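Q: One structure coming up, written as structure tokens, with questions to follow.
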Amino acid sequence: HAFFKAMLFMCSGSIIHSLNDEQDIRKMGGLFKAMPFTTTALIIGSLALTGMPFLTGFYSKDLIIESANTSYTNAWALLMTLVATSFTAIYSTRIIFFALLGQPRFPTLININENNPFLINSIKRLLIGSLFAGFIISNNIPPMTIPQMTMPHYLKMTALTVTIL
Amino acid sequence: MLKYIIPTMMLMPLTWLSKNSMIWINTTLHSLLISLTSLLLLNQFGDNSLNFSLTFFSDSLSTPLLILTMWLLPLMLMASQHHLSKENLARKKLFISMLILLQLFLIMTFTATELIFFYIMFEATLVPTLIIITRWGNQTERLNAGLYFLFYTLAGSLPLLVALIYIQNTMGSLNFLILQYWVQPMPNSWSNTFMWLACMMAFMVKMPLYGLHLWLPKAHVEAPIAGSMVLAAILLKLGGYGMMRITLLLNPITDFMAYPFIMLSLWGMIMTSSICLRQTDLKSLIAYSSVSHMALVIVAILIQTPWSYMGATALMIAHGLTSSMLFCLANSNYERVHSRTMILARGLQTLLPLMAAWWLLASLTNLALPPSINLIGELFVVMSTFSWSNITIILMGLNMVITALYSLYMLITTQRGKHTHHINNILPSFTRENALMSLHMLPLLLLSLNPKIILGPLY
Amino acid sequence: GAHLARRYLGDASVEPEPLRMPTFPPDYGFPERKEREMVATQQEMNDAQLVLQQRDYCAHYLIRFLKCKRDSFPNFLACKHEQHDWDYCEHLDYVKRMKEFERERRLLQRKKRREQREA
Amino acid sequence: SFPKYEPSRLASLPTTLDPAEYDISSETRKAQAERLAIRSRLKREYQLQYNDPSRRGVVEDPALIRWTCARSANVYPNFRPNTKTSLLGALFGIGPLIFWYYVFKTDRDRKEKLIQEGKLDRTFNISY
Amino acid sequence: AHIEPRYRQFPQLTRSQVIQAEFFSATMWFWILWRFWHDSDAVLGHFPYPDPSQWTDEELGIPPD
Amino acid sequence: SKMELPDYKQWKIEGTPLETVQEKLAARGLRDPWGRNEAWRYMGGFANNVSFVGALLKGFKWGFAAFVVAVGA
Amino acid sequence: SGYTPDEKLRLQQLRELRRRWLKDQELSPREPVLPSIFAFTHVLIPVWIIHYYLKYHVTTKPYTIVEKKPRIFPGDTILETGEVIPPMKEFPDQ
Amino acid sequence: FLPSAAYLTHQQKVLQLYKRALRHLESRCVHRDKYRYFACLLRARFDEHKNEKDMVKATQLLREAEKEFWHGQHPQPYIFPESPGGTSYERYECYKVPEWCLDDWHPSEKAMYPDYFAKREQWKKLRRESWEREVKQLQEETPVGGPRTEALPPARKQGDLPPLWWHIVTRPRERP
Amino acid sequence: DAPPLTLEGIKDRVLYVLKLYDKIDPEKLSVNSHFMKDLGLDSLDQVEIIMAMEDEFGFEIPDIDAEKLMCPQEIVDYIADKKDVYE
């Protein structure tokens, strides 16, 4: 989560400073191919959200819903986490569609500029940490719990099912 | 100790037999050398207090407060110019010598074995402070302020004398040790109830508690900076010192008879932190901050835990330093703009730029900054009162929330957002002001490093 | 599942209420079958610093995996199949717990309905 | 086409649907004319005492001073202790105090009874 | 040197930023594929999750009549 | 300095959502919108701006091949 | 409904004064104002001071820094004196 | 409630309702061209009875217009990042130092910047030169005893600057 | 964040986006030529013009100042007061 949203905020605020302090979803329309380093960055963030299988964002959320689904829980809480997984999928889809993949609404006299070694260094190295380093962490953790790992059908598939729907 | 008293005597004719434009340096240098020789006192160890010249002895209830007085004197001696530089030579010298005599009766009060000697030097602490605030108050209700001041402090503290004399001729002498080592437990008839209520009511007047507290804020906001700082820090923490001394008697009844003052103290703590949330007149907020802290101190003394006494004396010393400093910042803002109200002097982040650092630092020490001495005192008071009862922590934490809230309101309303751009008389900040900021916030951080000096004799 | 649905919608009888699992006596549908090997060697278990709620069955496999994972650290993906075997053994342990629950379920079902039919 | 937007103590009624800004009478426009005259004269004297190059101190705003003397110390004259004032006073002062007195007596009597039983959980309870 | 702002037209780009962007998208998709094919097959059940335990009456034993 | 300002007689609406919405508004019966202020928003380096699935398609155009390279390796 | 000529004129003279003020505000008098050592210090000097701090004074403090022990195995021996543990027993039923 | 007029007229009020509804339809409607469609539909609704002069039926329609505006307004209006409530709303009010100051400096640091302070001296001489007579006489001769407006007349009389210009000419750059 | 602004460049941009809007003529459209008095288009489309300038330059102009623009030169006056467009 830390690597994830550091990368996401840094990319989005870069876009904000590139496009004149507006920061709002409207009047921010068309940005894909307006240099796609940051649009690549933002959609890598939003696909690491909900855990595309199986990436840095996979491990945390998906082992959480597995171990929560296979325990003596409250029978409202698991349903709430499930529905909120669907909801985090849908607003991440909204931030993609309105920010980067729309017909261009933003005011003219445009000064789109990202010829910066600093920012390409920062975005570069944080997507590096957001593609491999989740596996570098999650691989050799000292195992300090007992994994469940024996799920039925429609309880390990439920993660990908909810995110796709 | 007598080597700490007699040069304060000889420091008094200094200002008299020094000529004009030369008195200032002399008084500053010599009172600071007295402050070094003051800090040389700290010999206290282990088993006993250090007792000599039979009237005199030092606990660690008395050593840190005594060093606090003998260090807060020259700070104040420097602090109180620019508002009487244009006054005359005679009244200037009289002001300075009156402060010195005030210091002398303060140290006589803090090293008092005999409690009658304590009471005499107590009202001797009273009598010059009225003359200071009433002659140089620089407002229009200062007269009524001094009048209320003296009648509250006397008429509360008057029957304390009769009770102490009754103790003197029903038991024997009033050495504090022979008050100790001999104290018989006194039962719960009604005369013992009145005697306890007499002594405790006198010092309840002095702290103040909640029901007798409008004594203070008029006397704070209508005073010069010297009288305001000595008044707040040294007088209220002197009242606490005296209560810490006299509570050693009448132990087996104060459990039965000391309930309702706890309730008055806590509900007054919440009401005081709420009344200083919404006032104008920036000067008054620090007075009500002082009333909040002293109500917490009174809770700490009515419970009888060593945790409570260590937190009590730490809270005393820390809030003396903090409230004295923040009074000095209030005086600096008022001498920038002759207003005394609050909302007129907005802005002041841009202009007077590093004044903001000292507002930040003083207000966070009021906030209970997370290693600060203020936090240490309030924390151990909260621990001890939770051991007293498991339900009191709501009022303590609600006090903490509102204390942080009015501290932050004072920070971001007086000194945040917009210069009102019709002002054009505020200068850059002088070196004297930043010197006083430094002289306030070096000892608080040094005590934040090694604080085991100043905790109570129940160590 | 559907057993959860039956336990909340239909009768509350035929589903045994959980975390009070042994109600039928042991060695009753067993007769004369218990070995329970448990070859973790309890002394070496406690001399190893495994956590509570890990001092469990199949723990020798975990000891093997900790041996290879200590002995080959900068090998990043060497130790696979030992932890795979530990996963498989605890899969069988979960299967055994499922067998216990459905044994108790079918005992309660068939026993109590035979009894409350003919009584 | 709306539920007509009731106000409250907080939800202030905006200037659109007053509907008092529709039946404009004579004294309404006379009041707006005199109100602009008041704001005009006050800004005139303000801008006179605001653009002076000889001006040193603050512009010495009288209305803030007046409100300060109002809120601070002109509370007490006038005041007569009426039924409303005294009843609300004895409620807001003594009420919560006597409430906290009862709850503290309750907890202290429970604690003294429980430790007089002998079975307080003082397994180690050192820092009292 | 550096770029210039133009008015109501699509601004030009350096080839370097677009080759890093395409490079990072490709490294993502290559990682998720090589991680998906070469090893696992991870989102599936990893085990034959059985039926109800054996569906065998009186194996595990039910001795009522 | 200057801006050099790509000027008028160039926008000339033709962009199919604005053209069809002027058709719909003509069928309504006004036939006078604002107009051609947004042809830069609807033609040029825009205009077959990609739909939603395409930025997620943007991986395998240089990634499937490297995957097959690592498979054959 | 719009301007009155007093507003127009007063506007114009304030435009001219704003011109002259802001054009005065850009100074350029052609002289406006006029009046691995890092790796060495930051990975050796606090390292030297702290390892001087972590042997002597802090080990004269008695219940100072304490390790949590490494976890031995039945297939382990001991580096210290050298004494072995009998290995783990039979595996079976895998 | 406005500087020059004592009150706003009804045509002005209808116009401000128009601008508010149009702004909130911008905020409501993405993609900007269906926005353009709905905006001309709204302009058609104001074309439906634009040419009527029953003033009492006009204000009846204005009341129902305020009702139909409040029924379907938008919760967070798209306000620009210098507007009231906006994303900046005097962001750099931090960096807006007034210009009565800057002269409480030190003469060494004053001698570091020669020409700007020489030109500032002649600005201040321009201020004190024509402050008293022309400005004060035009403000104590041409106004009435009750001023009854706030727009001050320019110095059309003879010479120097129009009256009371110091803190209005000398405002900062709003982006330093 | 570096937008450069000047007088004649923004005069060009205001005049350009008045030329692009359709129902005026591009023939008699001077730099200082009126809106209501000579072009003849009414109040409502004038405030749509004001909406266009606000939607282009990134700041609202108020309704107290919206009464009194009436020609492009006074528009360039008010915008140059807004962004302080001089050297």
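All of the numbers you see were taken from the coordinates with simple rules; none came from a lab. Quick reminder, even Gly has a Cβ in these numbers, built from the backbone with ideal geometry, and neighbours come from all protein chains shown.
Q: Given (1) facing chain C (nearest Cβ under 8 Å); (2) surrounded by 11 or more Cβ atoms within 10 Å (Cβ to Cβ), where does G:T77 come up short, assuming only one miss?
A: (1)
Q: Now for a separate question. For residues that are charged (D, E, K, R) and within 7 Å of chain D (Cβ to nearest Cβ), scanning just segment H:61-83, find the one that is surrounded by the most Cβ atoms within 10 Å (Cβ to Cβ). Show your work before the answer.
A: Quick first cut of segment H:61-83, residues charged (D, E, K, R) only: H:63-64, H:66-68, H:82.
From what is left, the residues that are within 7 Å of chain D (Cβ to nearest Cβ) are H:63, H:66-68.
Working: H:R63: 15, H:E66: 20, H:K67: 15, H:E68: 14.
Filtering first and then ranking leaves H:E66.
Q: Please go through segment D:46-75 and pick out each residue that is assigned to a helix (DSSP H, G or I) and surrounded by 12 or more Cβ atoms within 10 Å (Cβ to Cβ). Walk me through how you get there before you give the answer.
A: Taking segment D:46-75 as the starting set, the residues that turn out to be assigned to a helix (DSSP H, G or I) are D:46-48, D:62-72.
Within segment D:46-75, D:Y46, D:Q47, D:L48, D:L64, D:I65, D:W67, D:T68, D:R71, D:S72 meet the criteria.
Q: Of everything in segment F:15-73, what is β-branched (V, I, T), in contact with a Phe, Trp or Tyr (Cβ under 7 Å, 6 or more places away or on another chain) and not in a helix (DSSP H, G or I)? Give them in sequence order.
A: F:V50 - this is the single residue of segment F:15-73 that is β-branched (V, I, T), in contact with a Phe, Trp or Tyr (Cβ under 7 Å, 6 or more places away or on another chain) and not in a helix (DSSP H, G or I).
Q: Quick check on this structure: which one of G:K69, G:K23 is among the basic types (K, R) and surrounded by 10 or more Cβ atoms within 10 Å (Cβ to Cβ)?
A: Unique residue meeting the criteria: G:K23.
Q: Among the residues that make up segment A:60-74, is at least one of them within 30 Å of C:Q49 (Cβ to Cβ), within 12 Å of another protein chain (Cβ to nearest Cβ) and in contact with a helix residue (DSSP H, G or I) (Cβ under 8 Å, 6 or more places away or on another chain)?
A: Checked against the condition, which is being within 30 Å of C:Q49 (Cβ to Cβ), within 12 Å of another protein chain (Cβ to nearest Cβ) and in contact with a helix residue (DSSP H, G or I) (Cβ under 8 Å, 6 or more places away or on another chain), segment A:60-74 yields at least one hit.
Q: Moving on to the next point. Which one is farthest from A:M35 (Cα to Cα) among residues in segment A:130-144 that are of a type in the set (G, A, S) and part of a helix (DSSP H, G or I)?
A: Within segment A:130-144, the subset of a type in the set (G, A, S) is A:130, A:133-134, A:138.
Then keep just the ones that are part of a helix (DSSP H, G or I); that gives A:133-134, A:138.
Numbers: A:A133: 26, A:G134: 27, A:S138: 33 Å.
The qualifying residue farthest from A:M35 (Cα to Cα) is A:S138.
Q: Can I ask one more? List every residue pair whose Cβ atoms lie under 8 Å apart, where the two residues are 6 or more positions apart in sequence or sit on different chains, the first residue falls within segment E:48-65 and is at the interface with another protein chain (Cβ under 7 Å from one of its Cβ atoms) and of a type in the set (V, I, T), and the second residue, located anywhere, is surrounded by 15 or more Cβ atoms within 10 Å (Cβ to Cβ) and assigned to a loop (DSSP other than H, G, I, E, B).
A: Close Cβ pairs satisfying both conditions: E:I62/C:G29.
Q: Let me ask you something else. Listed residues I:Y78, I:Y86, I:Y21, I:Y16; which is of a type outside the set (S, T, N, Q) and within 12 Å of chain H (Cβ to nearest Cβ)? Don't jump to the end; show me each part of the working.
A: Values: I:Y78 fails: within 12 Å of chain H (Cβ to nearest Cβ); I:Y21 fails: within 12 Å of chain H (Cβ to nearest Cβ); I:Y16 fails: within 12 Å of chain H (Cβ to nearest Cβ).
Checking each option against the conditions leaves just I:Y86.
Q: Of the residues that make up segment I:24-33, is at least one farther than 26 Å from H:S27 by Cα, touching a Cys at 6+ places or on another chain (Cβ under 7 Å) and assigned to a loop (DSSP other than H, G, I, E, B)? Steps first, answer last, please.
A: The initial filter retains those residues of segment I:24-33 that are farther than 26 Å from H:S27 by Cα, namely I:24-33.
Restricting the remaining residues to those that are touching a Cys at 6+ places or on another chain (Cβ under 7 Å) gives I:32-33.
Right, trim to assigned to a loop (DSSP other than H, G, I, E, B) and you get I:32-33.
There is at least one residue in segment I:24-33 that is farther than 26 Å from H:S27 by Cα, touching a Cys at 6+ places or on another chain (Cβ under 7 Å) and assigned to a loop (DSSP other than H, G, I, E, B).
Q: Quick one: how many residues across segment A:131-161 are more than 9 Å from every other protein chain (Cβ to nearest Cβ) and either touching a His at 6+ places or on another chain (Cβ under 8 Å) or hydroxyl-bearing (S, T, Y) (or both)?
A: Here the count works out to 4.
Q: It is to be established whether one or more residues within segment A:111-129 are more than 30 Å from F:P6 (Cα to Cα) and in a loop (DSSP other than H, G, I, E, B).
A: Restricting attention to segment A:111-129, the residues satisfying the condition of being more than 30 Å from F:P6 (Cα to Cα) are A:117-129.
Among the residues that remain, those that are also in a loop (DSSP other than H, G, I, E, B) are: none.
No.
Q: Of the conditions (1) at positive phi; (2) surrounded by 14 or more Cβ atoms within 10 Å (Cβ to Cβ); (3) not charged (D, E, K, R), F:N48 clears all except one; give me its number.
A: Going through (1) at positive phi; (2) surrounded by 14 or more Cβ atoms within 10 Å (Cβ to Cβ); (3) not charged (D, E, K, R) one by one, F:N48 breaks only (2).
Q: Would you kindly identify the helices (runs of 4 or more DSSP H) lying entirely within segment C:1-82 that contain at least 1 residues that are of a type in the set (G, A, S)? Walk me through how you get there before you give the answer.
A: Working: elements: C:3-9, C:42-47, C:59-71.
Fully inside segment C:1-82 and qualifying: C:3-9, C:59-71.
Q: Among the residues of segment I:58-75, count how many are more than 8 Å from every other protein chain (Cβ to nearest Cβ) and acidic (D, E).
A: Residues that pass the stated criteria total 1.
Q: Where residues in segment G:3-37 are in a loop (DSSP other than H, G, I, E, B) and closer than 17 Å to H:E150 by Cβ, which of them is farthest from the other protein chains (Cβ to nearest Cβ)? Show your work before the answer.
A: To start, the set of residues in segment G:3-37 that are in a loop (DSSP other than H, G, I, E, B) comprises G:3-4, G:25-36.
Those left that are additionally closer than 17 Å to H:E150 by Cβ: G:3-4.
Values: G:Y3: 5, G:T4: 8 Å.
This residue is G:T4.
Q: Among the residues of segment A:4-54 satisfying the criterion of being part of a helix (DSSP H, G or I), of a type in the set (S, T, N, Q) and within 12 Å of chain E (Cβ to nearest Cβ), which is farthest from A:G102 (Cα to Cα)? Spell out how you get there, then give the answer.
A: Narrowing segment A:4-54 to residues part of a helix (DSSP H, G or I): A:4-18, A:36-48.
Applying the additional criterion that residues be of a type in the set (S, T, N, Q) yields A:12, A:14, A:18, A:38-40, A:46.
Pick out the ones that are also within 12 Å of chain E (Cβ to nearest Cβ) and you get A:18, A:38-40.
On the way: A:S18: 18, A:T38: 15, A:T39: 12, A:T40: 15 Å.
Applying the filter and picking the extreme gives A:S18.
Q: Here is a follow-up. Has segment B:416-425 got at least one residue that is more than 14 Å from chain H (Cβ to nearest Cβ) and crowded, with 18+ Cβ neighbours inside 10 Å?
A: Within segment B:416-425, the subset more than 14 Å from chain H (Cβ to nearest Cβ) is none.
No, segment B:416-425 has no match at all.
Q: Kindly indicate the residue of segment H:2-41 that is aliphatic (A, V, I, L, M) and within 7 Å of another protein chain (Cβ to nearest Cβ) and also farthest from I:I49 (Cα to Cα) among those meeting that condition.
A: To start, the set of residues in segment H:2-41 that are aliphatic (A, V, I, L, M) comprises H:2, H:5-6, H:8, H:14-15, H:17, H:21-22, H:25, H:30, H:39, H:41.
Within this subset, residues satisfying the condition of being within 7 Å of another protein chain (Cβ to nearest Cβ) are H:2, H:6, H:15, H:22, H:30.
Details: H:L2: 23, H:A6: 27, H:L15: 13, H:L22: 12, H:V30: 20 Å.
In this case the residue turns out to be H:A6.
Q: Considering only residues that are within 14 Å of chain D (Cβ to nearest Cβ) and among the polar types (S, T, N, Q), look in segment B:357-413 and name the one that is nearest to B:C276 (Cα to Cα).
A: Checking each candidate, the answer is B:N399.
Q: If you don't mind, another one. Can you go through A:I128, A:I123 and tell me which one is within 14 Å of chain E (Cβ to nearest Cβ), hydrophobic (A, V, I, L, M, F, W, C) and loosely packed, with under 15 Cβ neighbours inside 10 Å?
A: A:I128
Q: Which of the residues spanning segment H:110-155 are exposed (fewer than 13 other Cβ atoms within 10 Å of the Cβ) and of a type in the set (S, T, Y)?
A: Listed by number, the list holds a single entry, H:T142.
Q: I'd like the full set of residues that are surrounded by fewer than 20 Cβ atoms within 10 Å (Cβ to Cβ) and touching a helix residue (DSSP H, G or I) at 6+ places or on another chain (Cβ under 7 Å), limited to segment F:35-45.
A: Passing the criteria: only F:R36.
Q: Can you run down the residue pairs with Cβ atoms below 8 Å, 6 or more apart or on separate chains, where the first is in segment D:2-15 and over 13 Å from H:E66 (Cα atoms) and the partner is of a type in the set (D, E)?
A: Correct list of pairs: empty, since none qualify.
Q: Give the number of residues within segment A:91-108 that are part of a loop (DSSP other than H, G, I, E, B), in contact with a strand residue (DSSP E or B) (Cβ under 9 Å, 6 or more places away or on another chain) and at the interface with another protein chain (Cβ under 8 Å from one of its Cβ atoms). Explain how you work it out, then say what you get.
A: Quick first cut of segment A:91-108, residues part of a loop (DSSP other than H, G, I, E, B) only: A:100, A:102-108.
If we keep only those that are in contact with a strand residue (DSSP E or B) (Cβ under 9 Å, 6 or more places away or on another chain) as well, we get A:100, A:102-106.
Filter once more, keeping what is at the interface with another protein chain (Cβ under 8 Å from one of its Cβ atoms): A:100, A:102-105.
Number satisfying all stated conditions: 5.
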